[PDB]
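Novice: Okay, structure incoming, though there's no sequence with it:
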């Protein structure tokens, strides 16, 4: 009607604007920068445990 | 500007409602009913200390 | 937001003549009348537009669809085509 | 007729995911405590619900 | 549940002359559209199917009615039935509460409201 | 304003913030700027009315009533003496309503003050408030004669049951 | 001002063929499975000749229904059978009557007996006898 | 440990306590481990289900949270030490069922 | 301390201002989805302030 | 009323005395000037009581109730001009005078100072309302409904003269409600049961019950021109307040037989709400709604002990504005579609978008949006009868649930498509259609600002 910014297609894989893919790429990394604090430094159970608490004598 | 579009929006009703609270505590016998201190040592606001 | 005109359907009705491998691309373009080319030649000829267009193809759409341009005629009445 | 280029939508998605990932990690990072934690999660009883998600 | 609803049956060639029951309604439909299409109507259609609907439903049921059957006297099991039963609930109520209010006490002492 | 014995509370006792760290905190930037943007449009205009409201004074006076009869006057079928006794008794009841509202928020003074303990302290308001409302519905609440307002003809006669059946028919108190 | 057969009358056997359709065309020529015989059972305050009930029913359901508007929205002329229960009601789906939901709600009816049991975490079951020993028996020393 | 006799005051919400409420307590080792303070247990706003053991270390662990205001962690070793006070207390209480399978059966 | 909850009442007041400007009383050249978005935009930092005083 | 009946009787030699079509603009103009005089001398204080002047007025001290009585006459003249203008001028002016005469007896009523002046004023109505049903109504079966409009209210009210004069010759004189200080008690007998029976049963004729209420969907169904006296018939039904005057005293202690009036008005309450979800008439649709939550107030009175007089004071005016406003909605959409049957109104909400807001807020007063004047009193009916027993919340709560459907059952009927018809019904809601549709919620939510005046003694 007014604008032709993105073309119509007939299944020919119309291409992207090649600027959204930069911001798409950036936030796929800072989410896996957050794999740092998953283990480093964080463990599954920072508690200590019980030796099957038997020795009542 | 960002000179009066927000100044008419937010900057004007600040003074009216604060006047409605300063002229409220001296009239109503229950003003703000703020809770206790929750203090573990004893400090300079008091005279004694705690271990 | 994208509009549509008369020229899009004049491509597709002529294209599926050649897409169906039983019908060669040597027939008439818009009026072949389909008898020179009972079931699966009044339903299968529009079972491809069941895949592409697919607005459920009502019961009266069978007996009109002999004239292949009379197929194209009422779609502009349904799809509200330009002017 | 796909289209993904509108910075009005780009402003919304970028504002959420910055706050979304740091949701449970800033609020709970600074909170006055209220109750006592578990602090005991034994053998064969501790994190196998994560393994339930794996299968 | 409600229903099967028996959307398929047999034909070929049961009741060959039964067709053109649409000829009853298409004559009315021709009488409909000829009434519908006119250069100046400015008003609703009379539509006597709704005229014969409400007036033979809201009225003309009591002239139809007679108490010649007990399934017309069957409304005694629905109107006055539970109406005794709520009082049969409530007469057992309010007095057992009163005896515990008269003899002995159970209430809190700060029951000003009420 | 009011009188502080009517609404007592313990003193405020607000401690020190104790920063102890050389890290920059935002509380030293908020109270040092926002106080003057409120005091200028409010307090000076509050002062500008303060000289203007003191231009003239207007008086409104207390209303104290006159209570010559109390209860037992007069004879049964009368009208005159049994009308002032209604003005006695009924205005002796709307006073007794809002007296309870003082004691009700007196409980509310304790509860939003401590909060944490809030039950094992304050030593009065679980007792004294229940030494009022318990001594309220007896003989001052016409249960359930409050519909016709029980005006001097049932509020005394609950108290007839509070003296005839009560305290003598205990067999033998 | 329509007086001729303005409503139903004391039917249903006052020459019922002359009912439909001298007026109130619920049947074409009194053999259409909608002749005014269907006075349910009368004697009550039901419908008389009543261009009304047990005609084919259970849904006007807003179908495809193109030969007129004719389904529920757009006024077919005279086909009234029953109304005021159908603007919100439908026809039959693919499954059938089977009340499996009470059997589906019976899944906790087995575990309703499990609501009587207890839920202590440690130790394990060992359900053979009183060797589990739940509460306090002896003193300190 | 606690619960000798005679709660004199009429204070409900049992904060008027004998010494301090344990989880169950004691039972064996130690049979009396006392607790902490009670004049500051009610003075400092400390809620119920917090008058158990390892309390005075927790009253100091909660000091540096306010005493370091723009901070994300006051002392991370102290949370591992209050938990070590907590977890060693709990394993001390985990010796009940090993005693209960042992001492309650016939001998 | 009075401004602990006073900023909350300001937050609980400026929502009415797009409603007060619905009465066509010298209203803005319309842009109403934009004007509402601006009206929300300044309340958030106003909402952010007393959260810091509560946690102290 | 020192001079309240005095200015309004002078309005009567002004209709036929006036000119031509000026008679509408003149009659509305004078009428609103009395409304300030109503507000001014009333609403005074206030502590038991304001005996007004003399033996003709007790000033409506405990319940004001009189402001609502005076809105309607400068409110229906703008409504009745929809379909009235087809007759001679002398015949149309008579139709104006009889409605004005209806107010004058009701101006002296609701205050009335007495009981022997009450009953003659309690029966001073039903003469002008009956004539409105006879001439200039709608289509036939009027005259039997005019007879059912009689022969019930007159049938039940005649033992009041058997009751009241039996009180006047026995104990003192019933001229003064305030000389009712000495009241002997009433024990259980076989004579005193009937003494309470005739004292009460006439008041059940006007505010209805599950019995004896068949006449009520006749006057509202077969009704005058476009809801003209139907709005006055709203105040005619709620104006049976006099049980508050009488049974507050004068055998109060007979509650042993209160139960079949508690129960019948309770299962009949939940029933008559659902007795109209399959109704096919608009003017009957609001009529059965006007039975249900008007039958709510009766168990608030026979159950004594306030926190019940509080809400029952407000629940009289609750539908009294609301059902009057719903009839204004139903008086509209009839000059454009000349049949009142609701099913023919498919395809609305698009031709009239301006009044579509007024459908929303009106039916939002039955769900009733708890900061209003409707759910502020229904919570006190909850606050009373739950102290009676724990069962009473069940049947009374479902009444709050059935009318949730029953109100939105009407709203969704406006939203349909393509409308099939209607080369008529063009008129896009002219000035008379929407200015008269106003001034109902405009005082109603206004009274919800400080609802202090809407409170009994109590």
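Specialist: That came in fine, so what should we check first? Numbering: from 1, shown residues only, chains lettered A, B, ... in the order given.

Novice: the helices in chain H, which residues?
Specialist: All helices of chain H, identified by DSSP state H, fall at H:39-43, H:56-61, H:63-66, H:76-93, H:96-103.

Novice: Show residues contacting the first one.
Specialist: What it means is helix H:39-43. Residues outside helix H:39-43 that contact it (Cβ atoms under 8 Å, 6 or more residues apart in numbering or on different chains) are B:39-40, B:50, F:117, F:120-121, H:15, H:20, H:51, H:55, H:59. (C-beta placed from N, C-alpha, C; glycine too.)

Novice: Leaving out sequence neighbours, find the closest residue to residue J:327.
Specialist: Sequence neighbours aside, residue J:227 is the residue nearest to residue J:327 in space, at 4.5 Å (criterion: Cβ to Cβ, 6 or more residues apart in numbering or on different chains).

Novice: how many neighbours does the residue nearest to residue F:94 when sequence neighbours are not counted have?
Specialist: Nearest residue to residue F:94, sequence neighbours excluded (Cβ to Cβ, 6+ apart): residue J:47, at 7.9 Å. Using other Cβ atoms under 10 Å in any protein chain shown, residue J:47 has 11 neighbouring residues.

Novice: and residue J:47, which of the three is it?
Specialist: With DSSP: H, G, I helix; E, B strand; the rest coil as the basis, residue J:47 sits in coil.

Novice: and residue 39, how many neighbours does it have?
Specialist: Because you didn't say which chain, this covers chain A. 9.

Novice: Correction: the question concerned chain E.
Specialist: A count of neighbours around residue E:39, defined by other Cβ under 10 Å, yields 5.

Novice: Tabulate the contacts of helix H:39-43 (a markdown table), appending neighbour count and distance to residue G:66.
Specialist: Converted to a markdown table, the contacts of helix H:39-43 look like this (neighbours: other Cβ atoms under 10 Å in any protein chain shown; distance: Cβ to Cβ, whole Å):
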| residue | neighbour count | distance to residue G:66 |
| --- | --- | --- |
| B:39 | 21 | 81 |
| B:40 | 22 | 81 |
| B:50 | 15 | 88 |
| F:117 | 21 | 77 |
| F:120 | 18 | 79 |
| F:121 | 17 | 80 |
| H:15 | 20 | 78 |
| H:20 | 19 | 83 |
| H:51 | 20 | 78 |
| H:55 | 17 | 81 |
| H:59 | 19 | 81 |
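
Novice: just the residues you listed that are near chain G?
Specialist: Near chain G, taking Cβ under 8 Å from any Cβ of the partner chain as the test, no member of the contacts of helix H:39-43 is found.

Novice: Which of the residues you listed sits closest to residue E:42?
Specialist: Nearest to residue E:42 among the contacts of helix H:39-43 is residue F:117, at 80.5 Å by Cβ to Cβ.

Novice: Kindly provide the distance from that closest one to chain E.
Specialist: 22 Å (Cβ to the nearest Cβ, to the nearest Å).

Novice: Mind jotting down where the helices sit in chain C?
Specialist: Under DSSP H, chain C gives helices at C:7-19, C:47-52, C:61-64, C:68-79.

Novice: whoops, I mixed them up, chain I
Specialist: For chain I, helices defined by DSSP H occupy the ranges I:3-11, I:16-20, I:32-41, I:43-54.

Novice: any chance of these in CSV, with distance to residue F:37 and mean neighbour count too?
Specialist: Shown next, in CSV, are the helices of chain I (distance: least, Cβ to Cβ, whole Å; neighbours: other Cβ atoms under 10 Å in any protein chain shown):
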stretch, distance to residue F:37, mean neighbour count
helix I:3-11, 11, 16
helix I:16-20, 20, 12
helix I:32-41, 20, 12
helix I:43-54, 13, 13
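
Novice: Need those in CSV (columns: distance to chain J).
Specialist: As requested, the helices of chain I are exported to CSV (distance: least, Cβ to the nearest Cβ, whole Å):
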stretch, distance to chain J
helix I:3-11, 19
helix I:16-20, 15
helix I:32-41, 18
helix I:43-54, 24
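
Novice: Select, out of the ones you listed, the one closest to residue J:233.
Specialist: helix I:16-20 (38.0 Å).

Novice: mind listing the helices for chain D?
Specialist: Secondary structure of chain D by DSSP H: the helices cover D:7-21, D:23-26, D:48-54.

Novice: As JSON lines, the ones you listed with distance to residue J:318 and mean neighbour count would be great.
Specialist: Shown next, in JSON lines, are the helices of chain D (distance: least, Cβ to Cβ, whole Å; neighbours: other Cβ under 10 Å):
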{"stretch": "helix D:7-21", "distance to residue J:318": "46", "mean neighbour count": "11"}
{"stretch": "helix D:23-26", "distance to residue J:318": "47", "mean neighbour count": "10"}
{"stretch": "helix D:48-54", "distance to residue J:318": "55", "mean neighbour count": "8"}
